[PDB]
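**Student:** Take this structure, written in structure tokens, and hold onto it; I'll ask about it next.
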Amino acid sequence: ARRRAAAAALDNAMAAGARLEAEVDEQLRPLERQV
Amino acid sequence: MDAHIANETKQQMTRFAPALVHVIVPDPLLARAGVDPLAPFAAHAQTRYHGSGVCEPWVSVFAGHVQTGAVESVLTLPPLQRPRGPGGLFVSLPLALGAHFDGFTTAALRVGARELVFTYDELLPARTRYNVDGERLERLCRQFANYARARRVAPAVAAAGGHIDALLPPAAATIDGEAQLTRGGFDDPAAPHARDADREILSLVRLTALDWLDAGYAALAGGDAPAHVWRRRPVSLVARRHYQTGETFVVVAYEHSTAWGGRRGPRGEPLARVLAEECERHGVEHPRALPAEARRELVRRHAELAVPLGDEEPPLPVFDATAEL
Amino acid sequence: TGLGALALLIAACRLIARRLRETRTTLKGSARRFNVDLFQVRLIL
Amino acid sequence: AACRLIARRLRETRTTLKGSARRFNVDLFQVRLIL
């Protein structure tokens, strides 16, 4: 039961975390426009 | 969708629980849970706190089990298109929250014979997905336009079709529910401010649009049908997993709704926050193995985290998603 | 001449500078939320 | 002339931090799959 719930929760958290690098890259597009 | 509205009204008028939450349990979940659809239903639910074993008495909820595609039945209007896909019963569970919604405290559902558990930490997602529903709604209105233009039914709807035509392109349309859970990304409450703050700096370095659909579509079906109105207001469905069996299920939230999510719905900080902070601070790997002199301050703050930390041995194992098992 | 093209550029150098601080603020939030949920996982199991 | 070369230096640092974070996420997906 623990091993299944842990996989489920890990998949859930990763489902949100799948946007990290994309957000980090998007955030700094002004600093190209700001020069 | 009538189930969610019925449950919201029954909750608000009577207050059988602090808040609520909307859920669409699909077919394969029910199938693997040992329960069968297409049979007589009788829904109940209760909320069981963790580490103590105190269960609020059961409360009957209105559930309605669709047969064909379920997710599209929330997204599309009857006369314009037909849904498609799997289908499971709509239901709404009660909650227990308000200041710091505790984790690991489940919400037990009951169907004809079998009971399903839904840990809070699994049910309630932080961020919603309201930004994709604009993309959905524009396609929906273009759909209605190409219907009114071609079917040649009535003049009052023909005028609305002409207005929509002259408002936005008539290119083509189709609504797909499955594509909603895949393509999207989670909406955060900052990005409009990022665009706005970028506006000033770039500028320095040097009826309405949709109520036509409302006024028109209220003539095809001939009925306002309050259940429909929420299908034009933006929705947001966040595909989540399940801890008990390991399958999928969806947690929808409508804009006007007073359920968990949307607007005018209560919000409570995930109690895991102070737990993680104090777990790191005093330097231990686990919340149960925390030094009692430290746990005194936690119990001092929030009256909920008390019994999982004060007694020597709690009646039920704590901090594990498998208590009831 | 000099006092005809200045206020705007210093306004920029200040405003984008502070917007950068807000960007760092929100990025830390994203990161710490992801780490908090990973912590939840590392005790569920 | 600093604030041009270093303005682009900012984008370069952001870009390499992106690859860092993406390999972090891959090594997370690893432990997701192993269990």
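By order in the structure tokens, chains are A, B, ...; within a chain, residues start at 1; ligands start at 1, following the order shown.
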Please return, as a list in words, all residues of chain B lying within 8 Å of chain C when only C-alpha atoms are considered.
**Tutor:**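 Listed by rising number, the hits are residues 197, 201, 204, 205, 272, 273, 276, 286, 319, 320 and 321 of chain B.
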**Student:** For chain A against chain C, which residues fall within 9 Å using only C-alpha atoms, given as a list in words?
**Tutor:**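 Here is what falls inside 9 Å: residues 2, 3, 4, 5, 6, 7, 9, 10, 13, 14, 16, 17, 20, 23, 24, 27, 28, 30, 31 and 34 of chain A.
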**Student:** Choose the residue, out of D:9, D:24, D:4, D:16, that has the smallest atom-to-atom separation from chain A; count only C-alpha atoms.
**Tutor:**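 Closest residue, counting only C-alpha atoms: D:4.
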**Student:** Go through chain A and collect every residue that DSSP, computed from the backbone, puts in alpha helix (DSSP H); the answer should be as an mmCIF file with C-alpha atoms, in the first residue's frame.
**Tutor:**
data_model
loop_
_atom_site.group_PDB
_atom_site.id
_atom_site.type_symbol
_atom_site.label_atom_id
_atom_site.label_comp_id
_atom_site.auth_asym_id
_atom_site.auth_seq_id
_atom_site.Cartn_x
_atom_site.Cartn_y
_atom_site.Cartn_z
ATOM 1 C CA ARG A 2 2.790 2.418 0.875
ATOM 2 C CA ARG A 3 4.734 1.543 -2.269
ATOM 3 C CA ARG A 4 1.702 2.224 -4.463
ATOM 4 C CA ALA A 5 0.677 5.444 -2.727
ATOM 5 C CA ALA A 6 4.245 6.751 -2.928
ATOM 6 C CA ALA A 7 4.379 6.183 -6.680
ATOM 7 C CA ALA A 8 0.997 7.878 -7.060
ATOM 8 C CA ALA A 9 2.039 10.925 -5.036
ATOM 9 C CA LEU A 10 5.388 11.166 -6.834
ATOM 10 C CA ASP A 11 3.624 11.135 -10.198
ATOM 11 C CA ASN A 12 1.248 13.807 -8.901
ATOM 12 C CA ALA A 13 4.038 16.122 -7.742
ATOM 13 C CA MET A 14 5.999 15.595 -10.959
ATOM 14 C CA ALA A 15 2.861 16.477 -12.932
ATOM 15 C CA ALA A 16 3.055 19.989 -11.479
ATOM 16 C CA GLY A 17 6.856 20.167 -11.571
ATOM 17 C CA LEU A 20 9.983 24.372 -13.905
ATOM 18 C CA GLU A 21 12.573 25.017 -16.621
ATOM 19 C CA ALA A 22 9.898 26.506 -18.872
ATOM 20 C CA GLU A 23 8.869 29.024 -16.209
ATOM 21 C CA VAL A 24 12.492 29.874 -15.410
ATOM 22 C CA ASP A 25 13.199 30.524 -19.092
ATOM 23 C CA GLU A 26 10.032 32.552 -19.646
ATOM 24 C CA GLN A 27 10.595 34.814 -16.635
ATOM 25 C CA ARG A 29 12.471 37.504 -21.541
ATOM 26 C CA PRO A 30 12.185 41.174 -20.427
ATOM 27 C CA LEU A 31 15.906 41.437 -19.760
ATOM 28 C CA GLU A 32 16.469 40.894 -23.467
ATOM 29 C CA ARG A 33 13.870 43.601 -24.141
#
**Student:** Write out as an mmCIF file with N, CA and C atoms, in the first residue's frame each polymer residue whose atoms come within 7 Å of segment 248-251 of chain B, counting only C-alpha atoms; drop sequence neighbours fewer than 4 positions from it.
**Tutor:**
data_model
loop_
_atom_site.group_PDB
_atom_site.id
_atom_site.type_symbol
_atom_site.label_atom_id
_atom_site.label_comp_id
_atom_site.auth_asym_id
_atom_site.auth_seq_id
_atom_site.Cartn_x
_atom_site.Cartn_y
_atom_site.Cartn_z
ATOM 1 N N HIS B 22 -15.638 19.365 -5.850
ATOM 2 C CA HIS B 22 -16.279 18.686 -6.964
ATOM 3 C C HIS B 22 -15.321 17.688 -7.601
ATOM 4 N N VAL B 23 -15.821 16.494 -7.898
ATOM 5 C CA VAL B 23 -14.988 15.385 -8.352
ATOM 6 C C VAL B 23 -15.742 14.594 -9.410
ATOM 7 N N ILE B 24 -15.011 14.072 -10.392
ATOM 8 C CA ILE B 24 -15.569 13.255 -11.464
ATOM 9 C C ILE B 24 -14.791 11.947 -11.486
ATOM 10 N N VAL B 25 -15.265 10.934 -10.767
ATOM 11 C CA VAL B 25 -14.566 9.652 -10.757
ATOM 12 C C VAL B 25 -14.904 8.896 -12.035
ATOM 13 N N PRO B 26 -13.933 8.620 -12.887
ATOM 14 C CA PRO B 26 -14.233 8.009 -14.187
ATOM 15 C C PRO B 26 -14.564 6.529 -14.111
ATOM 16 N N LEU B 29 -11.596 3.716 -12.670
ATOM 17 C CA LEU B 29 -11.443 3.774 -11.221
ATOM 18 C C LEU B 29 -12.525 2.959 -10.536
ATOM 19 N N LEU B 237 -10.413 21.803 -14.814
ATOM 20 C CA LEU B 237 -10.351 20.430 -14.338
ATOM 21 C C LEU B 237 -8.900 19.972 -14.300
ATOM 22 N N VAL B 238 -8.476 19.483 -13.141
ATOM 23 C CA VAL B 238 -7.081 19.190 -12.845
ATOM 24 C C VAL B 238 -6.964 17.685 -12.660
ATOM 25 N N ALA B 239 -6.411 17.003 -13.655
ATOM 26 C CA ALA B 239 -6.289 15.556 -13.580
ATOM 27 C C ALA B 239 -5.353 15.158 -12.452
ATOM 28 N N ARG B 240 -5.837 14.304 -11.556
ATOM 29 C CA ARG B 240 -5.055 13.861 -10.415
ATOM 30 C C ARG B 240 -5.070 12.345 -10.365
ATOM 31 N N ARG B 241 -4.257 11.796 -9.474
ATOM 32 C CA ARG B 241 -4.142 10.360 -9.298
ATOM 33 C C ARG B 241 -4.887 9.932 -8.038
ATOM 34 N N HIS B 242 -4.737 8.665 -7.669
ATOM 35 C CA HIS B 242 -5.418 8.089 -6.519
ATOM 36 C C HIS B 242 -4.428 7.260 -5.714
#
